[PDB]
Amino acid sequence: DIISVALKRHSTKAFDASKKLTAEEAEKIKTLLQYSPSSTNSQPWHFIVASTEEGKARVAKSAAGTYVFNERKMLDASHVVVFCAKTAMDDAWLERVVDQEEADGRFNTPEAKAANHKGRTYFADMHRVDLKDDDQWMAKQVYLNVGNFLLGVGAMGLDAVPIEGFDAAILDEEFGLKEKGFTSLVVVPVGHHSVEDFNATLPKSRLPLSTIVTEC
């Protein structure tokens, strides 16, 4: 039951470095990243999946100093996922999305692809010409992916914690993201919690439905 998963998943504060994901679980978490929905199927994202000791150490550099309370989570987890968003939405990216949709068989004619290209253009240029908030629009799609991801890994029986407490300028420079057209937004260590995870035994806390929900 997915509600049981939602009530039992929690943000892990400490990971057991000896408990690694299986090869099968490693493939499943990449499938989760890939198949998240996004506005107009824009998929405006890139993921760094660090599983070697050196790779995780490179990610953990972003937690040095002020964010040190997040550094050990990145070092001790089995896999660490860096969620990145595109910095600008270009036509080339939109062309590759619609061509992939054709390759996967979503169009029955060279007509319907011209209409899907016509549609995704009017939508994206609204954020590039007019609103000029396509940077924030793409980052929102990445946060949607994070929310999909956290529930999915919980359903797999894996522990995780989402992290905003890191230096994105440091992380971007370490992986050369800016020149690639990406910027890091959220880091998610994935693995199994240790006995030092004090948050595993604390009750969950949320505002009541009478506050957050209006029915009509």
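Under this definition, the rigid core comprises the largest set of C-alpha atoms superposing within 1.5 Å between the forms. Position 1 is the first residue in the sequence shown; the rest follow in order.
Asks: With everything overlaid on the rigid core, name the stretch, 134-142 or 109-117, whose CA atoms wander farther on average in 5 other deposited structures of this protein.
Replies: Checking 134-142 against 109-117 in 5 other deposited structures of this protein, I find the farther stretch is 109-117.
Asks: Taking RMS over all structures and residues, which stretch has CA atoms farther from the shown form in 5 other deposited structures of this protein, 164-172 or 63-71, after a rigid core fit?
Replies: Looking at 63-71 and 164-172 in 5 other deposited structures of this protein, the bigger mover is 63-71.
Asks: Do the CA atoms of 33-41 or those of 54-62 have the higher mean B-factor in the entry?
Replies: It is 54-62.
Asks: Of 120-128 and 97-105, which one has the bigger average CA B-factor?
Replies: Here the higher of the two C-alpha B-factor means belongs to 120-128.
Asks: Would you mind finding, among 82, 92, 77, 139, the residue with the largest C-alpha temperature factor in the entry?
Replies: Of the candidates given, the C-alpha B-factor peaks at 92.
Asks: Comparing recorded Cα B-factors across 179, 27, 167, 159, which one is largest?
Replies: Highest CA B-factor of the listed options: 179.
Asks: Mind checking which third residue 175 falls in for C-alpha B-factor across the chain?
Replies: It belongs to the middle third of the chain when residues are ordered by C-alpha B-factor.
Asks: Going by what the PDB entry lists, where does residue 18 fall on CA B-factor within its chain: lowest, middle or highest third?
Replies: Highest third of the chain for residue 18's C-alpha B-factor.
Asks: How does the C-alpha B factor of residue 212 compare with the rest of the chain: lowest, middle or highest third?
Replies: Tercile = lowest for this residue's CA B-factor.
Asks: Classify residue 194 as lowest, middle or highest third according to the C-alpha B-factor given in the PDB entry, relative to its own chain.
Replies: As the PDB entry reports it, the C-alpha B-factor of residue 194 lands in the highest third of its chain.
Asks: For residue 205, does the deposited CA B-factor place it in the lowest, middle or highest third of the chain?
Replies: As the PDB entry reports it, the C-alpha B-factor of residue 205 lands in the lowest third of its chain.
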